[PDB]
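First the structure, in the form of structure tokens, and then the observations on it.
Number of protein chains: 2
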Amino acid sequence: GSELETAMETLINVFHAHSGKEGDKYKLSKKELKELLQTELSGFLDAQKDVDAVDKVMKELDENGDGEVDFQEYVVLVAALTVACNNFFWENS
Amino acid sequence: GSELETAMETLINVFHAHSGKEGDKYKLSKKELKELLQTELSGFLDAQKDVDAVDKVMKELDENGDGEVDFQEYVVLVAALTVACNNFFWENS
Ligand SMILES: *SCC[C@H](N)C(=O)O
Ligand SMILES: *SCC[C@H](N)C(=O)O
Ligand SMILES: [Ca+2]
Ligand SMILES: [Ca+2]
Ligand SMILES: [Ca+2]
Ligand SMILES: [Ca+2]
Numbered sequence: 001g002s003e004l005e006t007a008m009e010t011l012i013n014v015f016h017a018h019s020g021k022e023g024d025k026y027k028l029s030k031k032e033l034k035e036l037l038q039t040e041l042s043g044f045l046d047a048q049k050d051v052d053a054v055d056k057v058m059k060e061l062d063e064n065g066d067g068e069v070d071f072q073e074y075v076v077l078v079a080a081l082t083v084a085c086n087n088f089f090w091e092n093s
Numbered sequence: 001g002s003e004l005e006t007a008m009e010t011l012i013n014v015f016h017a018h019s020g021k022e023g024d025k026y027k028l029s030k031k032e033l034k035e036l037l038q039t040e041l042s043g044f045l046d047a048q049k050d051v052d053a054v055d056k057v058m059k060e061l062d063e064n065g066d067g068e069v070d071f072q073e074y075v076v077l078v079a080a081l082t083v084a085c086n087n088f089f090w091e092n093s
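If you're matching them up, the sequences are chains A and B in order. If you count by the deposited numbering, then the first sequence holds residues 1 to 93, one letter each, in order. If you count by the deposited numbering, then the second sequence holds residues 1 to 93, one letter each, in order.
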């Protein structure tokens, strides 16, 4: 209904798209996230330029420490990136 | 561009819509958030049914403790609610 909900549904749809598309529906693996960020985000992952950047990114996300990235971990990634994004736009950093 | 980005932009647009519409552009107050959640979310805030629910909700959000809700606080609210939402759909809770 509301646009905010549309956004929330979008996050659900993309997470489900990848977690659902491969492996466990509610768990995201290195290979899979590597695909989801590239398919959805370009500049964010691309900015690192490093090939091991994906590995570096996922280690931080695995608060859980199970070697996998979880929907909650992913959720904070997009949200924190969202606030950081607006900050980048208005603010230099 | 990508749908995920569209969602991120939507979160930015709604936060900015309210924080920007009233008071400080980067700070959300009780009165204002009361308006943003109702305008964007219905069932989430409505479910509490209590009138003081807004107050109860904001206290948790003010990690900062400044009596205001910040974009980052709001960001985690929608994100955590997003994962909790999908959980509600697939899962009973
Ligand atoms: S987070 C904002 C990033 C910007 N639109 C860009 O990368 O072009
Ligand atoms: S978080 C999912 C909530 C559901 N769509 C509803 O409230 O109807
Ligand atoms: Ca998966
Ligand atoms: Ca994990
Ligand atoms: Ca404001
Ligand atoms: Ca605060």
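By construction, the Cβ of each residue, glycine as well, lies at the ideal position given by its N, Cα and C atoms.
- Between ligand 6 and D46 of chain B, a heavy atom-to-CB distance of less than 7 Å is absent.
- Following the DSSP letters along the chain, one finds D46 of chain B inside the alpha helix (DSSP H) bounded by residues 43-46.
- If you draw a straight line from the Cα of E3 of chain A to the Cα of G20 of chain B, it comes to about 17 Å.
- The Cβ of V14 of chain A sits closer than 8 Å to at least one Cβ of chain B.
- With contacts defined by Cβ atoms closer than 8 Å, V51 of chain B and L61 of chain B do not form a contacting pair.
- For a cut-off of 8 Å, the C-beta gap from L36 of chain B to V14 of chain B is around 6 Å, short enough to register as a contact.
- For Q72 of chain B, at least one C-beta of chain A is nearer than 8 Å to its own C-beta.
- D66 of chain B sits in coil when the DSSP states are folded into three classes, being neither helix nor strand.
- Assignment of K49 of chain B by DSSP, reduced to helix, strand and coil, places it in the coil class.
- Chain B places a beta carbon closer than 8 Å to that of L11 of chain A, counting this residue as a contact.
- In this structure, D66 of chain A has its CB at a distance of at least 7 Å from all heavy atoms of ligand 3.
- According to the DSSP secondary-structure assignment, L28 of chain B is paired through a beta bridge with B:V69.
- Residue state for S19 of chain A is assigned as helix, using DSSP reduced to three classes.
- Among the residues facing chain A, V57 of chain B is not included, as its CB has no counterpart in that chain under 8 Å away.
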